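> Below you'll find the structure I mean.
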Amino acid sequence: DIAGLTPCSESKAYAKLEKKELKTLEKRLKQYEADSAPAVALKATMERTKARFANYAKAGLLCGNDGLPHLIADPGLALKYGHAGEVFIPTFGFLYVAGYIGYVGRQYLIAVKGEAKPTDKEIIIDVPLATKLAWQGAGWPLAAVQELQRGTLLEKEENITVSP
Amino acid sequence: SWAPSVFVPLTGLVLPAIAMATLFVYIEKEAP
Amino acid sequence: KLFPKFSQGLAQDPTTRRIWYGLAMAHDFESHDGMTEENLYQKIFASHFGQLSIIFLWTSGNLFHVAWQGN
Amino acid sequence: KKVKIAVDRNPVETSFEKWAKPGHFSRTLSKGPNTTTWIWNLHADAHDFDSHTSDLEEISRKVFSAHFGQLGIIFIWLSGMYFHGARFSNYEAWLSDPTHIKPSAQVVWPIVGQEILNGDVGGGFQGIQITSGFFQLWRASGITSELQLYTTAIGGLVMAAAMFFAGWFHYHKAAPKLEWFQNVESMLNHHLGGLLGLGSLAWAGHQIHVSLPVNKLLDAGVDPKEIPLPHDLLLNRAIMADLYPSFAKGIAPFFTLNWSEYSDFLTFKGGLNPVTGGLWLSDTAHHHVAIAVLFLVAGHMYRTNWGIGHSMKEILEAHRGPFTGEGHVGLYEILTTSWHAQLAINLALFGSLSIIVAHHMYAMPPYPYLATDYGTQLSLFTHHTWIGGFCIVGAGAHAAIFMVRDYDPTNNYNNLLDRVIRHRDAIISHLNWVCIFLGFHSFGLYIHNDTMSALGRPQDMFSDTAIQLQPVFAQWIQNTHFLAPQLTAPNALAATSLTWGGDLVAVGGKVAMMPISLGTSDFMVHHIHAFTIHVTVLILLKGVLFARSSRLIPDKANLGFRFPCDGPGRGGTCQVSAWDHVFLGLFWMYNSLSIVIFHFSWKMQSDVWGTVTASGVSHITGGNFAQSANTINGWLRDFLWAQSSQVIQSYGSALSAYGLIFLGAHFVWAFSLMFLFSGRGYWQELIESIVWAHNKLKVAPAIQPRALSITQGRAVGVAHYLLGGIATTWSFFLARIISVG
Amino acid sequence: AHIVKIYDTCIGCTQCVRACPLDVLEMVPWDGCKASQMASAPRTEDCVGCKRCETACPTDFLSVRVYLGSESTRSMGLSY
Amino acid sequence: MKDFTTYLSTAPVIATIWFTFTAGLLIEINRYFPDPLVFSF
Amino acid sequence: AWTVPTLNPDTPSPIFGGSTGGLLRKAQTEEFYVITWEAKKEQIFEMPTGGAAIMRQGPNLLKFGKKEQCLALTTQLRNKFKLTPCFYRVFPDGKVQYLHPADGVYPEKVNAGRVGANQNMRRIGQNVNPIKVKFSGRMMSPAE
Amino acid sequence: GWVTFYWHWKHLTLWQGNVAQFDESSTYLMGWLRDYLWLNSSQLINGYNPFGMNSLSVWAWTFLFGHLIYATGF
Ligand code: CLA
Ligand code: CLA
Ligand code: CLA
Ligand SMILES: CC1=C(C/C=C(\C)CCC[C@H](C)CCC[C@H](C)CCCC(C)C)C(=O)c2ccccc2C1=O
Ligand code: SF4
Ligand code: SF4
């Protein structure tokens, strides 16, 4: 109960929706022989379904009046009430990989600018240079702040403009 | 009570027929 | 030949876009032929009187049709 | 020998060295990128072989091996459909009950919840219900086992490898010379004789010896593992004489010309098999026999190496009259020295074939348990009309490519083509008139019915209970084709289809085919079709005839086939090329064929399809085509709104992917309107403003970002428009008809 | 009529005149480039404004420059 | 096969190998770790 | 030597069966444009109005409604056929106007004596702002 | 159009009473398509039919009339 909400292990619409999905799977299962190949896949779907409900109720997700889990996207209401794995932990688990790709592509461009003709190594990617920059880009925030402290991250007004 | 049976054909069939005529004649006038 | 009285270049247009651009750059007063800044401001002032009179005529029509054909 | 094999040994060395160099085919693209327009010109000019080189021999070699590439891809595709029919299907179950088991041949992997798409198709099986009609083909061929499907899938892989090896051989190792390709008389004799004639003779052999006895034992009612295998039907004449008692006389009635004794298994029944709702396979057997004899006669027409036969240049140069100048002189030399002029005619007649196939496979359903599978019927009609309409627009495109590139005024003086160019203004003006006439007198009938139904005046509408517009001519043709077994085809036991009149064939409680009444709404929609087909002809033929010049631009042929414009001058000259005319004809082919497939999907659901109880048969939509298609609001309510009520609530079911694509193709369609409405000088400046941001953070690419070209952005817009509209209608049709059909 | 002006960035490579579909442009003697020649627009009454001249100008920020003005029966490119 | 390896290093071939790699990594993850809505432990 | 040739309609037309792309009422009321060229041999050329005509040996005369049609015909006669054509301008009151090679020399070659109209002795980036040309009587570009 | 779709549908579900019918359906675009556009355009398109007409027929006509101008714009 952060903003009119309720834990999903407490709310009854969540359990009613679990029983609704298991009821649809059960009346779907009632047509087949108990050991046939469709019935095995239907019971495996039931097992994945029940494991999904158990692990959404276990992590302390907040349900609403609809019986559906919600995501508190504010630190200080996620850190204080234990919901940092909703948004606040994957908002850095994403940005590590985002700045990773943005650093690997940056360094692949800068390490191919100073050649004979760079464009041929942009349609035909130099794979050993690409995999070297793929592995050694693991510490990208480190190298990014060390590049920002120089001023070698930005370029000055050598850039191309029109008519200011 | 006879106003919607008279003003509506004038405004839609008669006064636009003036406007389809007099505002069209003004278009192709030869400039002196 | 006559209808864009404001545009002598549109008036010499033998095609049918003379009509369409006489209707469309009629209120672009700054691009009119012989336009000065004083006549610009004077036409804008008269235009604002025309817009105010249309707004009041429209509201009076709303009032009259509600008073006459309404409940 | 004038007609002889003539090749060149080892013309092109087989090496991966030119795979390393993209753009090797083009003189301009071989220097590499400096600009992102390069990589779109790489894929756009990839197969335009006529612009790579000027040597017609090299062009013909490239287009002859590219056809082996397409054939290898089609054999991979067919072999995959046989393999997915073998290993992932309920076809074994479907053969025992082909009325309560849905044909399924695609199973998904249970990962992200997509295993809900493995619906309960029946037969102890879960998968996606297919609608491509392969199971009805396989019953009509006499398959009866997934072992035969697996082995013809292996044969399809072998034949795909044969096609890929053949293209490699006839391009790299022993490639034919130019005057090999210019033997069109030999190509027509071999294709009418060997492809069409011997192929239908061979399919006649398979139908006589394999599919007639197997399907007769299926229709009598025999388990498919109890049926004799077809090699036991070849070797044992006693089983074939048990099934058809004139196999005991052997091939003696064929050579004594006592062919009437073969009337046990070559028939002229007509109508439908009432056991299964398809055509009689004895009737299709005699069909392919007669087709085989006809095309083997037709393939001995043209002169190749002996003095007998016709030569097509002498056929063309003789047919000339007083009205048409020099007549057909010069048409042989432009249909032998231009591949685009061939591809125009072939795409035209082949796309007309697809539509004739689509109209001839609903009314005369050729497969067992095809007609009561309503989803297969709807998807086959829709598929083949779309393939036909695309091929007709490609005909209109490649005719104009011939006009721009390969047309020569020296070779064409006062022949037919020159005299058509010299009255193109009369042609396009009269077609403009007839398009405007058809537009008013077809769509204004719908606007009239909208207005009268909205003004509380239903008596003044155009309907059957109002001002009637009866299709007297099509109704007269229906009467004559229903009375054709009386005196104009006296050896027909029934009419050639059930649409002309009579009773209904009912299979499994569902109507296979019943007679189709043609009323006022049928009149109005056939004239909607005539209108939209004439407008598509107007646009495509205006692009062909004005491909080289007009009164607007007299030197349009110097600008090319595919150019955006000739600037803002002389009023504006946007979209003046022939490419832009086939661009605008693609929208009208979409417009026409969407109404064609809507008219099919609502005429069939209203007046043909539905369950029968032998108690006054109740159709699917209750019989509201003639009663409610008078109005645009009737097509809105009772067709789009009413029948979208199964694609919109398909979530949580096996049809839910059709619920997703119906949204997604509503996306892509509207996404196309970003490309169709906007223009390049916006997006190039937006790319400048973000190239600045990539310059500021040292991440400007060396291949410089450009906006798409003008005729590239038009191509992207029309491609996304067609994809998003056709896939919307795809998902709508299939989610409607799998559920309620 | 349209306004066709040229500028002194002309290198005299006479490509606008060959690109012109209406003979608006012609080459005039001049002494500001190596080719000793510069274009001219004496016949802007016949110009339609189709801008083929400034698809053919090689100089960055084009030396020929068409400004779409009033439209006569020749500027609209009419056979009627 | 040096030219074959330069062909394998072109833009669409690297795109269709790397997208199958990053597809069939996430697909094996969602097989062995079903339904990750929230970062658990 | 060269001084402004004149025209007679006595010179023949190339053999052409007539198209629907020919002249209109603008030819009879406003103006129409005629083209002359001397051909060396009889050969087939594409009309700018659609269709193929065969030119005959000696002088030819062909009439059009646009200057672009006549210059397109000159463009394909000078390139494909290496001929030297010239077209004029005819008004309905009989007044004829020499239009193509004014000085005889084709305009892509310097004749040393033609005058440079519509030239700006300044760079195109050195145009004034549109605020400086505002209220110039008519609407006006900064290139003037 | 987005702000007025959102205003109209949250107020239709408010005026009908079932705000949960909005809260469960407005989270996904199919719920916007079938619970707002498909659902509330029943009595609109039934303004006229072959059975008769009612007072919404002038809005049934204009709804098609607006569909006709829009496409003509294309
Ligand atoms: C009776 C002989 C015969 C037969 C059956 C064919 C059949 C075919 N020709 Mg063809 N052709 C022939 C003689 C023949 N040709 C002659 C004599 C010439 C020279 C004048 C040509 C010149 C020619 C050209 C230029 C082209 C064709 C193409 C085609 C294909 C059309 C596509 C189609 O319908 O796929 C139907 C598919 C099948 C029938 C699958 C079965 C495949 C069989 C086994 C191969 C075809 C039979 C083959 C000719 C026999 C030779 C065997 C080989 C070992 C020598 C088709 C396979 C086009 C094509 O697609 O090329 C690949 C094409 O571009 N032909
Ligand atoms: C037998 C069929 C056939 C054949 C052989 C050709 C052959 C040719 N056409 Mg043609 N054409 C055809 C049918 C055919 N066409 C049809 C049916 C149409 C109507 C749509 C056209 C319309 C057409 C135009 C308008 C033009 C050509 C051009 C060309 C030439 C070059 C094509 C090229 O390099 O594309 C290379 C391949 C591509 C660019 C890929 C196209 C991708 C498509 C558009 C997207 C759809 C793909 C898929 C179905 C959608 C789902 C994909 C999924 C990932 C979402 C070549 C001579 C061009 C030409 O001659 O230039 C002068 C040209 O401008 N054709
Ligand atoms: C719903 C949208 C719509 C409509 C109505 C039209 C209408 C038309 N298009 Mg068009 N078009 C459209 C969308 C549309 N287009 C789109 C989206 C594209 C994009 C690719 C094109 C591309 C296109 C091309 C490329 C061509 C056309 C052509 C035509 C004309 C053929 C029909 C005709 O003449 O019949 C008559 C007119 C109608 C059916 C329109 C409705 C009129 C109703 C029925 C009655 C009239 C109203 C009535 C008198 C009341 C008047 C009230 C009063 C106050 C004025 C017509 C002007 C063709 C053309 O002009 O040549 C013939 C042509 O070549 N269109
Ligand atoms: C959006 C738009 C653009 C901009 C579209 C840009 C130019 C292309 C869109 C991006 C393409 C898809 C390239 C992005 C993908 C690259 C290949 C990089 C791939 C990187 C990884 C995914 C491998 C136009 O250029 C345009 C031109 C004319 C009329 C309308 C429009 C128009 O509407
Ligand atoms: S517009 Fe450009 S191209 Fe057309 S004529 Fe005038 S200058 Fe020559
Ligand atoms: S503009 Fe370009 S082309 Fe025209 S003259 Fe100056 S340089 Fe030569």
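Identifiers in the structure tokens: chain A, B, ... in order shown; residue index from 1 per chain; ligand index from 1 in order shown.
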Taking only C-alpha atoms and all ligand atoms and a cut-off of 6 Å, can you tell me which residues surround ligand 2, written as number ranges by chain?

D: 43-48, 390-391, 393-394, 397, 561-562, 579, 719

> Please give me, as JSON, numbers by chain, the residues lying within 8 Å of ligand 1 when counting only C-alpha atoms and all ligand atoms.

{"D": [60, 63, 64, 65, 66, 67, 68, 69, 70, 71, 159, 163, 167, 180, 181, 182, 183, 184, 185, 186, 187, 188, 189, 190, 191, 193, 194, 195, 196, 199]}

> Restrict the selected residues to N, CA, C and O atoms and save them as a compact mmCIF listing (two decimals), in the first residue's frame.


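Written output follows (again.txt):
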# COMPACT_ATOMS: atom_id res chain seq x y z
N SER D 60 20.53 -11.64 -70.96
CA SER D 60 19.74 -12.85 -71.07
C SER D 60 20.32 -13.98 -70.22
O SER D 60 19.56 -14.76 -69.63
N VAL D 63 19.31 -13.14 -66.60
CA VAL D 63 17.90 -13.39 -66.31
C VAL D 63 17.52 -14.85 -66.48
O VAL D 63 16.46 -15.25 -66.01
N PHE D 64 18.36 -15.65 -67.14
CA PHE D 64 18.07 -17.07 -67.24
C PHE D 64 18.56 -17.82 -66.02
O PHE D 64 17.93 -18.80 -65.63
N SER D 65 19.65 -17.37 -65.40
CA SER D 65 20.08 -18.01 -64.17
C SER D 65 19.37 -17.48 -62.93
O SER D 65 19.22 -18.22 -61.95
N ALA D 66 18.90 -16.22 -62.96
CA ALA D 66 18.06 -15.73 -61.88
C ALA D 66 16.74 -16.48 -61.82
O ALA D 66 16.15 -16.62 -60.74
N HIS D 67 16.26 -16.99 -62.95
CA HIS D 67 15.06 -17.81 -62.94
C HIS D 67 15.32 -19.16 -62.30
O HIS D 67 14.42 -19.70 -61.64
N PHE D 68 16.52 -19.72 -62.46
CA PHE D 68 16.85 -20.93 -61.72
C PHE D 68 16.97 -20.65 -60.23
O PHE D 68 16.64 -21.52 -59.41
N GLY D 69 17.43 -19.46 -59.86
CA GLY D 69 17.41 -19.08 -58.45
C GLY D 69 16.01 -18.99 -57.87
O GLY D 69 15.75 -19.49 -56.77
N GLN D 70 15.08 -18.38 -58.62
CA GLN D 70 13.69 -18.33 -58.19
C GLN D 70 13.08 -19.73 -58.13
O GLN D 70 12.34 -20.05 -57.19
N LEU D 71 13.41 -20.60 -59.08
CA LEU D 71 12.88 -21.96 -59.06
C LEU D 71 13.43 -22.78 -57.90
O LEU D 71 12.69 -23.55 -57.29
N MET D 159 15.47 -31.37 -55.74
CA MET D 159 15.16 -30.60 -56.93
C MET D 159 15.55 -29.13 -56.77
O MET D 159 15.92 -28.47 -57.75
N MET D 163 18.08 -27.09 -59.14
CA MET D 163 17.85 -25.77 -59.72
C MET D 163 18.99 -24.80 -59.42
O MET D 163 19.40 -24.02 -60.30
N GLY D 167 21.40 -23.08 -62.29
CA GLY D 167 21.72 -21.68 -62.49
C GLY D 167 23.21 -21.41 -62.42
O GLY D 167 23.74 -20.63 -63.22
N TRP D 180 20.60 -18.39 -78.97
CA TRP D 180 19.86 -19.47 -78.35
C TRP D 180 18.53 -18.97 -77.81
O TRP D 180 17.49 -19.61 -78.00
N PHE D 181 18.55 -17.83 -77.12
CA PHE D 181 17.35 -17.28 -76.51
C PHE D 181 16.37 -16.77 -77.55
O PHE D 181 15.16 -16.78 -77.32
N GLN D 182 16.87 -16.34 -78.71
CA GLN D 182 16.03 -15.75 -79.74
C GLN D 182 15.32 -16.79 -80.60
O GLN D 182 14.70 -16.43 -81.60
N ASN D 183 15.40 -18.07 -80.24
CA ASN D 183 14.61 -19.11 -80.88
C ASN D 183 13.30 -19.26 -80.11
O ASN D 183 13.08 -20.20 -79.35
N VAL D 184 12.41 -18.28 -80.32
CA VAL D 184 11.15 -18.28 -79.60
C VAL D 184 10.17 -19.31 -80.13
O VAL D 184 9.28 -19.74 -79.40
N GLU D 185 10.31 -19.72 -81.40
CA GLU D 185 9.46 -20.78 -81.93
C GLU D 185 9.75 -22.11 -81.24
O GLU D 185 8.82 -22.84 -80.89
N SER D 186 11.02 -22.41 -81.02
CA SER D 186 11.38 -23.64 -80.32
C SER D 186 10.99 -23.57 -78.85
O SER D 186 10.57 -24.59 -78.29
N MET D 187 11.08 -22.39 -78.25
CA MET D 187 10.68 -22.23 -76.86
C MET D 187 9.18 -22.42 -76.70
O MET D 187 8.74 -23.07 -75.75
N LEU D 188 8.40 -21.92 -77.65
CA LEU D 188 6.95 -22.11 -77.58
C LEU D 188 6.55 -23.54 -77.90
O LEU D 188 5.62 -24.07 -77.27
N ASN D 189 7.21 -24.19 -78.86
CA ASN D 189 6.91 -25.59 -79.14
C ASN D 189 7.23 -26.48 -77.95
O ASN D 189 6.44 -27.35 -77.59
N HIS D 190 8.37 -26.23 -77.30
CA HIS D 190 8.73 -27.03 -76.15
C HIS D 190 7.92 -26.69 -74.91
O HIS D 190 7.70 -27.56 -74.07
N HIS D 191 7.47 -25.45 -74.76
CA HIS D 191 6.71 -25.13 -73.56
C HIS D 191 5.24 -25.48 -73.69
O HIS D 191 4.64 -25.95 -72.73
N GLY D 193 4.31 -27.96 -75.72
CA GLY D 193 4.36 -29.40 -75.80
C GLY D 193 4.85 -30.07 -74.54
O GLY D 193 4.17 -30.92 -73.98
N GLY D 194 6.03 -29.68 -74.08
CA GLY D 194 6.66 -30.39 -72.98
C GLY D 194 6.25 -29.93 -71.61
O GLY D 194 5.99 -30.75 -70.73
N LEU D 195 6.20 -28.62 -71.38
CA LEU D 195 5.81 -28.13 -70.07
C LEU D 195 4.31 -28.32 -69.85
O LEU D 195 3.89 -29.06 -68.96
N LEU D 196 3.50 -27.67 -70.68
CA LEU D 196 2.06 -27.69 -70.47
C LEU D 196 1.45 -29.02 -70.92
O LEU D 196 0.65 -29.60 -70.19
N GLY D 199 3.21 -32.19 -69.12
CA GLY D 199 3.00 -32.07 -67.69
C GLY D 199 1.58 -32.43 -67.29
O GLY D 199 1.37 -33.12 -66.29

> Please report the interatomic distance between atom CA of residue D:544 and atom CA of residue D:559 in Å with one decimal.

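These two atoms are separated by 14.8 Å.
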
> For stretch 668-679 of chain D, please output as a VMD selection string all residues within 12 Å (counting only C-alpha atoms; exclusion window: fewer than 4 positions along the same chain).

(chain D and resid 564 574 583 to 584 587 661 to 664 683 to 686 707 to 729) or (chain H and resid 71 73 to 74)

> Please save N, CA, C and O atoms of the selected residues as a short mmCIF file (atom, residue, chain, number, x, y, z; two decimals), in the first residue's frame.


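Writing done, so here's result-v6.cif:
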data_model
loop_
_atom_site.label_atom_id
_atom_site.label_comp_id
_atom_site.auth_asym_id
_atom_site.auth_seq_id
_atom_site.Cartn_x
_atom_site.Cartn_y
_atom_site.Cartn_z
N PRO D 564 12.28 11.52 -60.28
CA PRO D 564 11.23 12.10 -59.43
C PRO D 564 10.34 13.09 -60.14
O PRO D 564 9.12 13.07 -59.92
N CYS D 574 5.76 17.41 -60.34
CA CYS D 574 5.92 16.29 -59.42
C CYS D 574 5.27 15.07 -60.04
O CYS D 574 4.22 15.19 -60.67
N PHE D 583 3.44 3.81 -59.36
CA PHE D 583 3.28 4.14 -57.96
C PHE D 583 1.83 4.50 -57.63
O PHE D 583 1.26 3.95 -56.68
N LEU D 584 1.21 5.37 -58.42
CA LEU D 584 -0.18 5.71 -58.19
C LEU D 584 -1.15 4.61 -58.62
O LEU D 584 -2.27 4.57 -58.11
N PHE D 587 -1.90 2.04 -55.65
CA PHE D 587 -2.97 2.41 -54.73
C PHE D 587 -4.33 2.06 -55.29
O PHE D 587 -5.23 1.66 -54.56
N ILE D 661 -1.61 -8.64 -35.32
CA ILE D 661 -1.24 -8.17 -36.65
C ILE D 661 -2.26 -7.17 -37.17
O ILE D 661 -1.89 -6.19 -37.83
N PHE D 662 -3.53 -7.35 -36.81
CA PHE D 662 -4.58 -6.38 -37.11
C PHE D 662 -4.27 -5.02 -36.50
O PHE D 662 -4.54 -3.98 -37.12
N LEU D 663 -3.67 -5.00 -35.31
CA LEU D 663 -3.15 -3.74 -34.81
C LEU D 663 -1.90 -3.32 -35.54
O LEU D 663 -1.77 -2.16 -35.94
N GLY D 664 -0.98 -4.27 -35.77
CA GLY D 664 0.33 -3.92 -36.28
C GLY D 664 0.27 -3.44 -37.71
O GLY D 664 0.95 -2.48 -38.09
N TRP D 683 13.38 16.14 -44.15
CA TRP D 683 14.10 15.12 -43.42
C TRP D 683 15.59 15.27 -43.60
O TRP D 683 16.35 14.87 -42.71
N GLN D 684 16.03 15.84 -44.72
CA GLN D 684 17.45 16.07 -44.89
C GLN D 684 17.95 17.14 -43.93
O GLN D 684 19.01 16.98 -43.33
N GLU D 685 17.14 18.17 -43.69
CA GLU D 685 17.53 19.18 -42.71
C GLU D 685 17.41 18.69 -41.28
O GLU D 685 18.20 19.10 -40.42
N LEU D 686 16.47 17.78 -41.01
CA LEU D 686 16.43 17.15 -39.69
C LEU D 686 17.65 16.27 -39.47
O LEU D 686 18.23 16.24 -38.37
N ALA D 707 18.76 11.80 -46.31
CA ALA D 707 17.36 11.42 -46.37
C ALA D 707 17.13 10.52 -47.57
O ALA D 707 17.94 10.47 -48.51
N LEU D 708 16.04 9.77 -47.53
CA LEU D 708 15.69 8.88 -48.63
C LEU D 708 15.41 9.69 -49.88
O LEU D 708 15.02 10.85 -49.82
N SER D 709 15.59 9.06 -51.04
CA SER D 709 15.33 9.73 -52.30
C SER D 709 13.84 9.96 -52.48
O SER D 709 13.01 9.44 -51.73
N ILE D 710 13.51 10.79 -53.46
CA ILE D 710 12.11 11.15 -53.70
C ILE D 710 11.32 9.93 -54.14
O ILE D 710 10.33 9.54 -53.51
N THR D 711 11.78 9.29 -55.21
CA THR D 711 11.23 8.01 -55.63
C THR D 711 11.68 6.86 -54.76
O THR D 711 11.27 5.72 -55.02
N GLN D 712 12.52 7.08 -53.76
CA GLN D 712 12.62 6.05 -52.75
C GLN D 712 11.58 6.23 -51.66
O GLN D 712 10.97 5.25 -51.24
N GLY D 713 11.36 7.46 -51.21
CA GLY D 713 10.34 7.72 -50.21
C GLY D 713 8.94 7.40 -50.70
O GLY D 713 8.11 6.92 -49.93
N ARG D 714 8.68 7.63 -51.99
CA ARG D 714 7.42 7.17 -52.58
C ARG D 714 7.33 5.65 -52.59
O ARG D 714 6.26 5.09 -52.34
N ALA D 715 8.45 4.97 -52.83
CA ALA D 715 8.44 3.51 -52.84
C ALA D 715 8.23 2.94 -51.44
O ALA D 715 7.50 1.97 -51.26
N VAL D 716 8.87 3.56 -50.44
CA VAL D 716 8.70 3.16 -49.05
C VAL D 716 7.26 3.40 -48.61
O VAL D 716 6.65 2.55 -47.95
N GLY D 717 6.69 4.54 -49.00
CA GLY D 717 5.32 4.83 -48.64
C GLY D 717 4.33 3.89 -49.28
O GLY D 717 3.42 3.40 -48.61
N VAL D 718 4.50 3.58 -50.57
CA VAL D 718 3.54 2.68 -51.19
C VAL D 718 3.75 1.24 -50.71
O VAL D 718 2.77 0.50 -50.55
N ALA D 719 4.98 0.86 -50.35
CA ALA D 719 5.21 -0.50 -49.88
C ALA D 719 4.64 -0.71 -48.49
O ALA D 719 3.97 -1.71 -48.23
N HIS D 720 4.86 0.25 -47.59
CA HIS D 720 4.28 0.16 -46.26
C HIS D 720 2.77 0.33 -46.30
O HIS D 720 2.07 -0.30 -45.49
N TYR D 721 2.24 1.10 -47.25
CA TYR D 721 0.80 1.27 -47.39
C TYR D 721 0.14 -0.03 -47.80
O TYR D 721 -0.85 -0.46 -47.19
N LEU D 722 0.70 -0.68 -48.82
CA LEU D 722 0.18 -1.97 -49.27
C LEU D 722 0.32 -3.04 -48.21
O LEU D 722 -0.60 -3.83 -48.01
N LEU D 723 1.47 -3.09 -47.52
CA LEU D 723 1.67 -4.09 -46.48
C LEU D 723 0.69 -3.90 -45.33
O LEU D 723 0.03 -4.86 -44.91
N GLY D 724 0.54 -2.67 -44.85
CA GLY D 724 -0.36 -2.42 -43.75
C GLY D 724 -1.82 -2.53 -44.09
O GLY D 724 -2.63 -2.79 -43.20
N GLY D 725 -2.20 -2.35 -45.35
CA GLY D 725 -3.59 -2.56 -45.67
C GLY D 725 -3.92 -4.01 -45.92
O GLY D 725 -4.93 -4.53 -45.41
N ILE D 726 -3.05 -4.69 -46.67
CA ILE D 726 -3.31 -6.08 -47.03
C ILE D 726 -3.17 -6.98 -45.81
O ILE D 726 -3.95 -7.92 -45.64
N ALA D 727 -2.23 -6.69 -44.91
CA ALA D 727 -2.10 -7.53 -43.72
C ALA D 727 -3.20 -7.26 -42.71
O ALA D 727 -3.59 -8.18 -41.97
N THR D 728 -3.74 -6.04 -42.68
CA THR D 728 -4.95 -5.75 -41.92
C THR D 728 -6.11 -6.59 -42.40
O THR D 728 -6.81 -7.24 -41.61
N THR D 729 -6.33 -6.61 -43.72
CA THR D 729 -7.42 -7.39 -44.28
C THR D 729 -7.17 -8.89 -44.13
O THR D 729 -8.11 -9.66 -43.94
N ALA H 71 -10.26 10.90 -46.73
CA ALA H 71 -9.65 10.13 -47.80
C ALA H 71 -9.43 10.96 -49.05
O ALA H 71 -8.44 10.76 -49.75
N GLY H 73 -8.62 13.99 -49.02
CA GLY H 73 -7.39 14.69 -48.71
C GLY H 73 -6.17 13.93 -49.13
O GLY H 73 -5.22 14.52 -49.65
N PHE H 74 -6.23 12.60 -49.04
CA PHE H 74 -5.08 11.80 -49.41
C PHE H 74 -4.83 11.86 -50.91
O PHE H 74 -3.69 11.72 -51.34
#

> Considering only C-alpha atoms, tabulate each residue of chain D that lies at most 10 Å from chain H along with its nearest interatomic pair and the corresponding distance in Å to one decimal; arrange the rows by chain and ascending residue number and present them as a Markdown table.


| residue | atom | partner | partner_atom | distance |
| --- | --- | --- | --- | --- |
| D:447 | CA | H:65 | CA | 9.8 |
| D:450 | CA | H:61 | CA | 7.4 |
| D:451 | CA | H:61 | CA | 7.7 |
| D:452 | CA | H:48 | CA | 9.7 |
| D:453 | CA | H:48 | CA | 6.2 |
| D:454 | CA | H:48 | CA | 5.6 |
| D:455 | CA | H:57 | CA | 8.2 |
| D:456 | CA | H:53 | CA | 6.3 |
| D:457 | CA | H:52 | CA | 8.9 |
| D:458 | CA | H:50 | CA | 7.3 |
| D:627 | CA | H:50 | CA | 7.4 |
| D:628 | CA | H:50 | CA | 6.5 |
| D:629 | CA | H:50 | CA | 9.8 |
| D:630 | CA | H:50 | CA | 9.1 |
| D:631 | CA | H:49 | CA | 8.8 |
| D:632 | CA | H:64 | CA | 7.8 |
| D:633 | CA | H:45 | CA | 6.8 |
| D:634 | CA | H:49 | CA | 7.2 |
| D:636 | CA | H:45 | CA | 7.6 |
| D:637 | CA | H:45 | CA | 6.2 |
| D:638 | CA | H:49 | CA | 9.6 |
| D:641 | CA | H:38 | CA | 7.1 |
| D:642 | CA | H:38 | CA | 9.5 |
| D:644 | CA | H:38 | CA | 8.8 |
| D:645 | CA | H:38 | CA | 8.5 |
| D:647 | CA | H:34 | CA | 9.7 |
| D:648 | CA | H:34 | CA | 6.1 |
| D:649 | CA | H:34 | CA | 7.8 |
| D:651 | CA | H:30 | CA | 9.1 |
| D:659 | CA | H:30 | CA | 8.1 |
| D:660 | CA | H:30 | CA | 8.3 |
| D:662 | CA | H:30 | CA | 9.4 |
| D:663 | CA | H:30 | CA | 7.2 |
| D:673 | CA | H:74 | CA | 9.0 |
| D:676 | CA | H:74 | CA | 9.0 |
| D:677 | CA | H:74 | CA | 8.1 |
